[PDB]
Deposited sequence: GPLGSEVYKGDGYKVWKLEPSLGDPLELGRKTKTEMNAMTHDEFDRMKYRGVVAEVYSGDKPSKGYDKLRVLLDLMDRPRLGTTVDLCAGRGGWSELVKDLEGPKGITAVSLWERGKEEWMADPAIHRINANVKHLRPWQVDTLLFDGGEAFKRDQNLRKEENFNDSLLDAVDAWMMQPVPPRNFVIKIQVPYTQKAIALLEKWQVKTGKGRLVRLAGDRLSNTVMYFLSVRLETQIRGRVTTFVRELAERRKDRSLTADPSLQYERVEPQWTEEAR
């Protein structure tokens, strides 16, 4: 009788990702290329109070993490502040520092301490909890290596926060483009560094992006093959939601 433990299953929260064979970089570029070619109708079919929608997403992710106590928290790329606001509701505003580039308007509690800075600039420091929600999708006319390099360059800024002597006990790190060699290598290094970490895909996320999150739950390894499975499955779902199945029936 597994009892209450059943309630911490993945259920409707995240995709099931078992590892599979393949090159994730090549599959990711292939489905991105097909997404850039999609017609207006195809793309639209496939693409579908609180300070933002980030509030509920972080609530899902923290529930997966078994509702940990957060303590001193840095929210990197806080934007409008949905994540920071959820941390405020959970534990008060005193432990949060929001970091973002504003000029996005802050839509969360103004008692929350804010630093108007480029997260690539700040020297890291020691926190109980690290949140990172940076990441940008590029437009369909951009060379693919542009988007990959830009988001790799953001994750490299997170790398200094993860690799410090006392790493964050809790972390929630958005991975905009998880199939680059640098993202996969960074996640493996963070798993070795912390002894923790699982890369998840939220259920209900838009098929029009490849966002995953790295969470400080019990270790789940073979990240490369799980990204491979994620990208292949994402590609098939994009196929099906973009057609327009002809009957034929």
Notebook entry, point to check: Can you list the gaps, in order, where the deposited sequence has no modelled residues?
Noted result: 1, 50-59, 115-117, 264-277
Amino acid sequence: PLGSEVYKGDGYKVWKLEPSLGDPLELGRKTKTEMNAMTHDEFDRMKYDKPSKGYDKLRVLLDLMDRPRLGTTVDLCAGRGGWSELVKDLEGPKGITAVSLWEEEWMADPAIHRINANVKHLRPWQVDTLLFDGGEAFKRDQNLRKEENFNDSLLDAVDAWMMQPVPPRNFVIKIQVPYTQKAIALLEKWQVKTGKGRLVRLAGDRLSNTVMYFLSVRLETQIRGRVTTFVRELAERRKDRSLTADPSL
From here on, numbers count along this sequence of modelled residues.
Check: Do at least a third of the other compared PDB entries leave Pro51 without coordinates?
Finding: yes
Item checked: Unmodelled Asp133 in at least one third of other entries with both flanks present -> no
Next item on the list: Decide which of the stretches 175-183 and 133-141 has the higher mean C-alpha B-factor, going by the entry.
Entry: 133-141
Item checked: Selected stretch [higher average CA B-factor]: 51-59 or 188-196 -> 51-59
Next item on the list: Could you look up the Cα B-factor of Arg114 in the entry and say which third of the chain it sits in: lowest, middle or highest?
Entry: highest
Next item on the list: For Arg123, return the chain-relative third of its C-alpha B-factor as stated in the PDB record: lowest, middle or highest.
Entry: middle
Notebook entry, point to check: Which third, lowest, middle or highest, does the CA B-factor of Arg232 fall in along this chain?
Noted result: middle
Item checked: CA B-factor ranking of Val99, expressed as a third of its chain -> middle
Notebook entry, point to check: What third of its chain, lowest, middle or highest, does the C-alpha temperature factor of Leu202 fall into?
Noted result: lowest
